[PDB]
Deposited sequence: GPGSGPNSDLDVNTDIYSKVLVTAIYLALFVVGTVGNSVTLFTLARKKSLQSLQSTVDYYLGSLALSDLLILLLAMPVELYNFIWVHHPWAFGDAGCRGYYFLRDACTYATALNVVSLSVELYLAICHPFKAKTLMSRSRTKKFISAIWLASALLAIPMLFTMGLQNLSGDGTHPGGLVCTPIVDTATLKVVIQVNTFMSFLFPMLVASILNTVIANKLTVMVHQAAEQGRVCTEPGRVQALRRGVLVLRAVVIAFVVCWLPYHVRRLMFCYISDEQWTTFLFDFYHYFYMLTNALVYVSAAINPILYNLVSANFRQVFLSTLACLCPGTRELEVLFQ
């Protein structure tokens, strides 16, 4: 039969996750949309980074969610979006995480410079250079996501490999290569940049206390530190189970895979990817809570 590819997650849990996804879609899409409109100097250079983040969030909510919600949560087989939709999906997902992880570190660097060397940053990097750096990050992010264009692909996992219902989107490379391509992503998009940003966020948090006479600059910095602090924490917590599941996918041996671990993996998949869409919806919520100037103008642009 062609039931060997059926994923047996109960109907109730599917509805539960769908309700969560749809809610995070509404919160996330609206959140990041009027965030871009709100953004449209140092307060302004930071605007390009926040704008770059909101873009990486809109892409994953508009393009990745409706694809995943259909072919990964409800209808597991067959894959309906072609080979390009298979390769482009995992490409877009990896590229955005790199873009986000690099933006956080970039903000951590620039915020450090705004506190420790405010005169060195007085003759700051031109609006043009910051925009070039935003573009460079995106392109570098795409280069790092290249392996996904070759690691992923369409396979027919039916009995004889002939039945259309067995056409699924799955890694098409050997298990050894897959471990390597997953490791590189886990290191470069998660472990490495977050460890750096955490160290920077530790230094800034201490340096800020050390510093504490014309403008209300110190209030703006405090906003800058705590938002960034929350973003790093929110990024780590959300993406940690995600990377574990991917390692779990390829490091568990074939003789080790039972019917329990199979079903556990797919319920785990729901939770890990739910936190992914939380990560792409939390930022506009974070901006509103702390910055008093931003939240009111946010709601004013929301009515408009």
Compare the deposited sequence with the modelled residues and state the ranges that are missing C-alpha positions. 1-5, 46-51, 224-233, 326-338
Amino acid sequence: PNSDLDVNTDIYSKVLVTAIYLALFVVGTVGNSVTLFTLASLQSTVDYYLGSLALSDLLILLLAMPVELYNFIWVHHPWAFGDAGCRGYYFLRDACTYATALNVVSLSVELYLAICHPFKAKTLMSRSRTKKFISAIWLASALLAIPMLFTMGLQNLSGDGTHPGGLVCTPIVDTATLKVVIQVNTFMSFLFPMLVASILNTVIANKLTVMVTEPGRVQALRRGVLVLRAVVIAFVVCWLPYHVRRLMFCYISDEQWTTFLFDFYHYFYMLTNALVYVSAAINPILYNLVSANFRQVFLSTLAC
From here on, numbers count along this sequence of modelled residues.
Stretch with higher mean Cα temperature factor, 201-209 vs 170-178, is 201-209
Using the B-factors recorded in the PDB entry, average over the C-alpha atoms of 97-105 and of 214-222, then report which stretch comes out higher. 214-222
Candidate residues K132, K122, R87, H77, the one whose C-alpha B factor the record puts highest: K122
Place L113 in the lowest, middle or highest third of its chain's C-alpha B-factors, as listed in the PDB entry. highest
Among the modelled residues of this chain, does the Cα B factor of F264 put it in the lowest, middle or highest third? middle
Check where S126 lands among this chain's C-alpha B-factors and tell me if it's the lowest, middle or highest third. highest
In terms of the chain's CA B-factor thirds, is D254 lowest, middle or highest? highest
Record-listed C-alpha B factor of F235: chain third: lowest
